[PDB]
Trainee: 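If you scroll down you'll find the structure; I have some questions about it.
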Protein chains: 2
Amino acid sequence: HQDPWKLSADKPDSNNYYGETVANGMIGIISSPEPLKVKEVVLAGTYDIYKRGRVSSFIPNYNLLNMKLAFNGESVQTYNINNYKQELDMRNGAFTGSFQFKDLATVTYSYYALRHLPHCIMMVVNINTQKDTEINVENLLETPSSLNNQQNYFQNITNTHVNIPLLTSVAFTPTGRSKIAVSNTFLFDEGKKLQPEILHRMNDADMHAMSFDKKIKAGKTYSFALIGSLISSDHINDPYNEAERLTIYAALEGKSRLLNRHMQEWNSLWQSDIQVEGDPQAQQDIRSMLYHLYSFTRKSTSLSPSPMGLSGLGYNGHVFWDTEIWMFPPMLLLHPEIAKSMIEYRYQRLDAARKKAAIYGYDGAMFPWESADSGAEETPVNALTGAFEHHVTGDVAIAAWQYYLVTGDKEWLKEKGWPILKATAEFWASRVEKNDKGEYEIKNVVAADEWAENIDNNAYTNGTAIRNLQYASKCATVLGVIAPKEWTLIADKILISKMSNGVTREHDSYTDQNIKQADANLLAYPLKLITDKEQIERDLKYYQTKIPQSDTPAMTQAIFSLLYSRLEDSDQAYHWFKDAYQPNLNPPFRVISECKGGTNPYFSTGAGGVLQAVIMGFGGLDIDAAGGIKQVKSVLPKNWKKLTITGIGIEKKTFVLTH
Amino acid sequence: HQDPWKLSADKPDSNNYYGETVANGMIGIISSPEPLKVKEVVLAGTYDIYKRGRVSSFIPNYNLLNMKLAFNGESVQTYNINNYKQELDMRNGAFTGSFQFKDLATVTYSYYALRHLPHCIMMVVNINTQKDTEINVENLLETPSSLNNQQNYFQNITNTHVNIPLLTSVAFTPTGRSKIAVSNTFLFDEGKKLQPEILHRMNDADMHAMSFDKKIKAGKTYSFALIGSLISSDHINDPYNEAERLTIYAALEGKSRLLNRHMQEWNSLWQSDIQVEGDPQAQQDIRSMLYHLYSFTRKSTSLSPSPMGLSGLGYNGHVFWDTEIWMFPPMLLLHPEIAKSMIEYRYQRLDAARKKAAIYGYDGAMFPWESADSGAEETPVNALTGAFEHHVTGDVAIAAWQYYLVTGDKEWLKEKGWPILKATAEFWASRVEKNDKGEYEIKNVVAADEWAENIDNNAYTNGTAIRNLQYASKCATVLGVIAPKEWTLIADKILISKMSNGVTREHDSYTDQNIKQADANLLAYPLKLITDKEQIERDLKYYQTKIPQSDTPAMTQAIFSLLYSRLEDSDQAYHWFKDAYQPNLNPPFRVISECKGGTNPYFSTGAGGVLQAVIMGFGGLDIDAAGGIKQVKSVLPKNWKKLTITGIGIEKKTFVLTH
Ligand SMILES: OC[C@H]1O[C@@H](O)[C@H](O)[C@@H](O)[C@@H]1O
Ligand SMILES: OC[C@H]1O[C@@H](O)[C@H](O)[C@@H](O)[C@@H]1O
Ligand SMILES: OC[C@H]1O[C@@H](O)[C@H](O)[C@@H](O)[C@@H]1O
Ligand SMILES: OC[C@H]1O[C@@H](O)[C@H](O)[C@@H](O)[C@@H]1O
Ligand SMILES: OC[C@H]1O[C@@H](O)[C@H](O)[C@@H](O)[C@@H]1O
Ligand SMILES: OC[C@H]1O[C@@H](O)[C@H](O)[C@@H](O)[C@@H]1O
Ligand SMILES: OC[C@H]1O[C@@H](O)[C@H](O)[C@@H](O)[C@@H]1O
Ligand SMILES: OC[C@H]1O[C@@H](O)[C@H](O)[C@@H](O)[C@@H]1O
């Protein structure tokens with residue numbers, strides 16, 4: 001089970017099973033332990049009021065791949081198959097099931113969220129017979145309980161060459177905010193005259209199906225494909241016609257051309273890769289982290305991932321600083337065009353951030369704690385983070401400036417970076433309060449350590465305000481503009497306080513409380529406001545035992561690992577690397593939960609932090625304040641013989657590290 | 001586990017658990033293996049388009065009793081309790097859970113579908129402490145995914161004596177057909193000044209909750225109650241205000257008065273009972289059958305049970321001949337007022353039956369195969385039974401006439417029985433076709449053996465038409481009316497054919513096919529068209545091996561048992577009695593599934609048939625063609641020392657049988 005490219009499960013156990021995801025940054029499909037079914041389907045960019053939080057959410061969507069297979073009238077079930085295996089191929093995001101049905105046939109099915117067609121899915125089914133058999137195949141479109149006012153359609157699209165039978169459903173999200181359309185077809189090798197007749201049944205209010213029979217002689221292979229398109233009024237004004245048009249398009253492109261384009265795009269993503277010699281488990285784990293970030297993002301868009309990507313409804317599909325600080329940095333180094341989409345998400349929502357600032361009595365752009373379609377605040381009102389956790393504005397500024405440092409794109413800086421940096425600096429200049437000593441305070445926030453609520457001069461928050469004001473001032477200089485001199489005066493006098501032991505104080509009421517996650521240590525990395533190696537170490541020593549084992553998210557130990565790598569402490573760096581994600585794993589595919597022993601995968605934020613521990617920690621790679629990627633001193637774990645990181649920076653550099 | 005009044009489960013196993021129901025004929029509550037939760041709640045008389053069949057259905061309703069209990073901030077779960085037990089007291093329909101929480105407290109909770117208040121539920125919680133503890137109690141109103149457009153309200157109803165905090169939700173069934181309201185309150189012993197403060201939280205789109213804290217010193221008992229009312233626009237024009245009014249009413253009646261009235265009505269139901277000496281398991285099983293029929297019916301209404309009563313959404317909550325032929329006869333003998341409600345259901349729907357007859361080209365009243373609110377046909381269109389299984393009309397006629405035979409109520413016969421019998425006879429007179437030999441045929445039906453579709457002269461169907469025409473003619477005579485002479489001419493010449501071996505032929509295309517269920521044998525019982533004991537036996541011999549073990553419902557073996565009891569064959573009668581339901585049981589409460597090895601309890605139809613095998617078979621009790629209840633020759637199982645049946649007929653007679 002240490003294949004560096006494949007995650008395998010023998011005999012999926014439904015009593016202890018956490019499905020894996022295939023995704024193209026638009027659709028995510030989460031696996032079921034049941035053969036030829038999927039557990040959940042999530043469409044990016046589609047939000048409505050639904051369950052948790054009384055705010056906008058991702059919506060469970062059509063399980064559009066669900067199929068029933070029968071052999072001589074006998075229904076295929078978990079209980080009557082043997083040698084049942086599931087496998088995720090991380091090279092091309094193919095999820096494959098395979099099983100034996102009694103003495104009759106071997107079945108393999110592979111499905112894909114097509115990498116080049118954001119709204120298109122395909123499953124390919126292969127049946128290899130050991131005896132004569134007749135198969136009955138049904139594809140079911142069940143309207144999930146999350147949707148309403150469904151309509152169930154079926155028609156034949158014909159010409160002299162084809163009969164494309166379309167199984168289509170149209171339905172609405174809970175408040176009617178979004179119309180969803182799904183359209184499926186079967187694709188056959190044998191052509192119009194010989195293909196099976198397709199029947200349509202509408203027997204339930206919430207389910208219709210298309211089906212066919214096929215006789216297969218012993219010792220033959222019969223293959224067919226299911227192609228589906230899934231799209232909403234959030235993506236296109238006429239989703240009903242666009243879904244049918246897409247499925248017709250995909251059917252006439254054909255399986256080979258679809259899979260070839262899919263493969264080409266996945267091959268391109270994997271030109272940026274991390275290779276570890278001497279630790280097959282670490283190699284597979286790091287590949288899974290890269291695979292999930294690649295699956296949950298999309299170049300050339302304005303999409304940004306939630307903390308759980310497209311693996312489900314975690315945190316309602318909202319966008320948080322989880323993107324800017326956790327998932328963005330490793331993507332910026334490996335695939336700057338992915339990072340570009342992530343900051344494009346914020347650029348597009350700058351006006352909503354300006355509106356939030358004005359509603360809360362500030363200047364400039366105040367990015368929301370949680371973002372969705374509009375860019376307005378989406379945090380549940382019972383969470384004080386929505387009203388008071390302000391560092392997100394500085395986190396957006398830091399990511400914008402880092403995008404420019406890595407790419408050197410001055411055209412992007414003028415059009416997009418500077419609008420963000422100027423407006424977010426104006427926010428901080430309005431947010432600070434000057435005290436009698438001429439110092440600047442940021443009073444009454446929720447800390448990055450969210451267990452500290454309505455406190456003053458949070459270390460991380462104050463650090464992000466310093467960086468936002470500094471980076472905005474540097475950006476103005478690149479563009480030949482005079483930044484307001486107040487930005488530098490404020491940045492230079494924002495309070496960052498020490499306790500009597502010389503340790504960075506987390507906030508003005510902090511002595512020795514347990515903390516939820518890294519806060520003061522984030523001043524060392526990522527902010528690099530703390531560079532003195534003795535201060536870094538004093539802060540690690542005091543805070544590293546302040547994070548409890550229970551109910552603490554994977555937003556701490558990866559930072560500890562990276563900081564110990566930078567201190568050239570191999571044993572401590574490796575201890576914290578393992579602790580960052582191995583206690584958070586769920587079977588059978590080693591997906592990552594939010595907290596130690598958690599059961600809510602896949603926490604893409606966690607993967608992003610660990611990938612920083614590997615690339616910026618073990619690999620020593622760093623965003624140079626002057627521009628570009630540089631390498632600082634680092635160590636490898638004892639047991640790692642070689643670390644190879646490919647496709648780094650705009651020059652696509654390979655870095656090799658050894659002992 | 002052979003308590004004659006109680007069904008007990010130690011350590012409910014959620015991997016193999018079928019919940020038990022408490023019901024008052026209006027609300028059913030199905031148990032969860034989880035402490036202080038319920039799995040499903042069903043409201044009678046509320047139908048909308050939903051899931052199965054694309055036709056009207058019962059709707060899963062508010063799980064209104066769901067509570068979260070925490071001890072010193074620690075949440076009570078399956079995993080952290082011990083000595084966890086559940087018990088159904090069949091004497092008063094109380095479902096009780098009990099467990100120990102660590103070293104802190106023993107918890108008991110009992111809930112009730114109040115027998116006298118159709119729309120009111122109550123749960124009583126008792127906490128007995130072994131140490132000082134603080135409890136947090138939350139009652140959750142989660143809008144189920146079956147409902148939409150919910151509103152979540154909370155208010156205090158106050159006067160100088162009370163503060164009644166009401167937690168209310170209002171929502172709609174899928175198409176908007178029905179508005180549902182639920183309103184809950186906590187009832188405290190200690191009075192207005194000392195009762196806990198109630199908080200209200202609205203943190204989710206589909207859930208709000210009310211909660212309180214309570215400090216309890218070691219070695220104390222703290223008790224409180226949750227009262228809820230659940231009602232729809234199918235029951236009252238203003239369900240929102242009626243639900244709050246009911247909960248206020250129940251709160252000011254108080255727990256003692258509510259439970260006293262509940263107990264009095266259950267005591268009255270159990271004045272009709274079946275006592276078996278020498279077989280504790282049979283005694284408990286037969287009590288469970290009586291308990292479910294009593295729970296799933298209601299005197300003084302026009303309610304009729306579905307095949308699954310209020311145990312869930314089985315057969316969409318529709319009414320079938322399952323009432324008239326299966327659940328009605330044992331209720332007519334034990335509690336004629338229950339049977340009166342069952343036939344009132346049909347009387348109220350006579351106009352819809354007349355409309356169905358006219359749409360399908362017949363005269364009189366054509367009762368639908370499946371009935372719900374209107375009395376129009378509700379069968380899914382893909383089931384040919386809706387269009388072609390016509391015997392239901394004769395089944396309604398037979399139950400109407402039996403109601404008069406048992407009660408002798410000539411006023412009821414004039415007002416209700418005769419309208420039914422006249423209209424259903426007019427239907428059959430229009431339904432038959434006279435052939436060249438002067439015989440009457442009933443062509444192109446689905447048989448009671450539903451595996452025989454679109455066949456001619458079904459034995460059971462033709463028998464029901466004969467009885468309907470005969471009973472209508474007898475009814476006319478009681479009322480001094482001349483029935484059309486054609487009814488008797490047709491009844492006397494409707495075809496019932498024999499095969500060469502002298503066995504009653506199931507239909508004109510029948511030779512030796514497997515059959516789904518009893519059909520030709522129903523001519524012996526219940527129709528009593530076949531009285532010759534050699535003919536009864538010839539028919540049992542030929543057909544008893546024609547019902548497969550798999551996918552055959554519990555509508556056969558109870559008839560075989562009864563017929564063998566009437567033939568004074570104790571071994572065969574007892575064989576078929578056990579086979580009728582023991583292979584259909586689900587743990588841990590021995591609920592009854594539809595088919596052998598099935599997993600869809602509770603099949604109330606099955607219980608009704610078995611209760612006939614016990615009362616009319618072992619007890620020999622019979623509806624006399626001339627009026628009243630008579631006793632015919634019968635036998636007991638070898639191992640039954642005594643069978644006592646109480647409350648029989650309008651004279652409330654006790655029958656005792658021994659060897
Ligand atoms: O349908 C898609 C196919 O169309 C043909 O016209 C092209 O020659 C193929 O290269 C292509 O794969
Ligand atoms: O992942 C979403 C959010 O989860 C919370 O547990 C953390 O405290 C936040 O830093 C994070 O943004
Ligand atoms: O979504 C509401 C809140 O959920 C909490 O669990 C997280 O710690 C917050 O970051 C988030 O804002
Ligand atoms: O430790 C986990 C807890 O952290 C808090 O900051 C959040 O507000 C809670 O929603 C969460 O359950
Ligand atoms: O609230 C209900 C109670 O009301 C009192 O007025 C009566 O005396 C009691 O008999 C009754 O149980
Ligand atoms: O219980 C509902 C229906 O179920 C079917 O299995 C039986 O064939 C019918 O006789 C019955 O009315
Ligand atoms: O509800 C549709 C049909 O379901 C079938 O399973 C039953 O055998 C029929 O009696 C019923 O009419
Ligand atoms: O034997 C069970 C089968 O009986 C048939 O009469 C019904 O139409 C089917 O719905 C059912 O599954």
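Quick note on labels: first sequence line is chain A, next is B, and so on, each numbered from 1. In listed order, ligands and their atoms are each counted from 1.
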Trainee: Does atom 11 (C) of ligand 8 have any protein heavy atom closer than 4.0 Å?
Mentor: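 No.
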Trainee: Parallel, tilted or perpendicular: which one describes the rings of A:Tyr602 and A:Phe296, with boundaries at 30° and 60°?
Mentor: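 Taking A:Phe296 first and then A:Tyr602, their aromatic rings stand perpendicular (interplane angle over 60°).
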Trainee: Between the side chains of A:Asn584 and A:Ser593, does any donor sit under 3.5 Å from an acceptor?
Mentor: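 Side-chain D/A pair, A:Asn584 to A:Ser593: absent.
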Trainee: Would you mind listing which atoms of ligand 3 come within a distance below 4.0 Å of any non-hydrogen atom of A:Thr379?
Mentor: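 It comes down to these atoms of ligand 3: 12 (O).
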Trainee: Please determine if A:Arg115 forms a cation-pi arrangement with A:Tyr112, meaning its NZ or CZ atom is less than 6.0 Å from the six-membered ring centre and no more than 45° off the ring axis.
Mentor: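 No, A:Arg115 does not sit over the ring of A:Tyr112.
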Trainee: Checking A:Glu378 against A:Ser56: is there a side-chain donor and acceptor pair closer than 3.5 Å?
Mentor: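 A:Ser56 vs A:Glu378: donor-acceptor pair found between side chains.
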Trainee: Contact between ligand 3 and A:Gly53 is defined here as a heavy atom of the residue under 4.0 Å from a ligand atom; is it met?
Mentor: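 No, that is not the case, since the closest heavy atom of the residue is not under 4.0 Å from the ligand.
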Trainee: Considering only protein heavy atoms, which is closest to atom 3 (C) of ligand 8, and at what distance to one decimal place?
Mentor: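 Minimum-distance protein heavy atom for atom 3 (C) of ligand 8 reads B:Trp451 NE1, 4.1 Å.
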Trainee: Would you say atom 5 (C) of ligand 8 makes contact with the protein, given that contact here means a non-hydrogen protein atom less than 4.0 Å away?
Mentor: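 Yes, at least one protein heavy atom sits under 4.0 Å from atom 5 (C) of ligand 8.
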Trainee: What atoms of ligand 3 come within less than 4.0 Å of a heavy atom belonging to A:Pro380?
Mentor: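 In order of numbering, the contacting atoms are 1 (O), 2 (C).
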Trainee: For ligand 3, is any non-hydrogen atom under 4.0 Å from A:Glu370's backbone (N, CA, C, O), its side chain (CB onward), both, or neither?
Mentor: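 Answer for A:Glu370: side chain.
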Trainee: Using 4.0 Å as the upper bound for N to carboxylate O, is an ion pair formed by B:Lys546 and B:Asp512?
Mentor: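 Salt bridge between B:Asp512 and B:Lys546, a charged N being under 4.0 Å from a carboxylate O: no.
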Trainee: Could you tell me which atoms of ligand 3, counted from 1 in the order shown, lie closer than 4.0 angstrom to a heavy atom of A:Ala383?
Mentor: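 Heavy-atom distances to A:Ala383 below 4.0 Å select 2 (C), 3 (C).
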Trainee: Among all the protein's non-hydrogen atoms, which is closest to atom 1 (O) of ligand 8, and how far away is it?
Mentor: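 The closest one turns out to be B:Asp551 O, 2.5 Å.
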Trainee: Which pair of heavy atoms, one from B:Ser509 and one from B:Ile455, lies closest together, and at what distance?
Mentor: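 For B:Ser509 and B:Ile455, the tightest heavy-atom pair comes out as OG-CG2, 4.1 Å.
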Trainee: Tell me whether the rings of A:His507 and A:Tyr510 are parallel (<30°), tilted (30 to 60°) or perpendicular (>60°).
Mentor: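 Geometry flag for A:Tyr510 against A:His507: perpendicular rings.
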Trainee: Which ligand 1 atoms, with their elements, are less than 4.0 angstrom from a heavy-atom of A:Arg257?
Mentor: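 It comes down to these atoms of ligand 1: 2 (C), 11 (C), 12 (O).
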Trainee: Does atom CZ of A:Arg52 have more than 12 heavy-atom neighbours from other groups under 6.0 Å away?
Mentor: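 Yes, because the 6.0 Å sphere around CZ of A:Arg52 holds more than 12 heavy atoms from other groups.
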Trainee: Give a yes/no verdict on whether any heavy atom in A:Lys516 is under 4.0 Å from an atom of ligand 3.
Mentor: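 Yes, A:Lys516 has heavy atoms under 4.0 Å from ligand 3.
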Trainee: In terms of ring plane angle, is the pair A:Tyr47 and A:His318 parallel, tilted or perpendicular, where the classes change at 30° and 60°?
Mentor: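 A:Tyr47 vs A:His318 ring planes: tilted.
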Trainee: Show me which atoms of ligand 1 lie under 4.0 Å from any heavy atom of A:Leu252.
Mentor: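 Answer for ligand 1: 1 (O), 2 (C).
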Trainee: What I want to know is whether A:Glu253 and ligand 1 share at least one N or O pair that is separated by under 3.5 angstrom.
Mentor: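 Yes, at least one N or O pair falls under 3.5 Å.
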Trainee: Could you list which atoms of ligand 3 come closer than 4.0 Å to a heavy atom of A:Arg52?
Mentor: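 With A:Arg52 as reference, the close atoms of ligand 3 come out as 1 (O), 2 (C), 4 (O).
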Trainee: Counting only heavy atoms on the protein side, is anything nearer than 4.0 Å to atom 8 (O) of ligand 1?
Mentor: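 False for atom 8 (O) of ligand 1.
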Trainee: Which bit of A:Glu594 gets closer than 4.0 Å to ligand 3, counting heavy atoms only: side chain, backbone, both or neither?
Mentor: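 Answer for A:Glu594: neither.
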Trainee: Specify whether B:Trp369 and B:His391 have parallel, tilted or perpendicular ring planes, treating 30° as the upper limit for parallel and 60° as the lower limit for perpendicular.
Mentor: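 B:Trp369 and B:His391: perpendicular rings.
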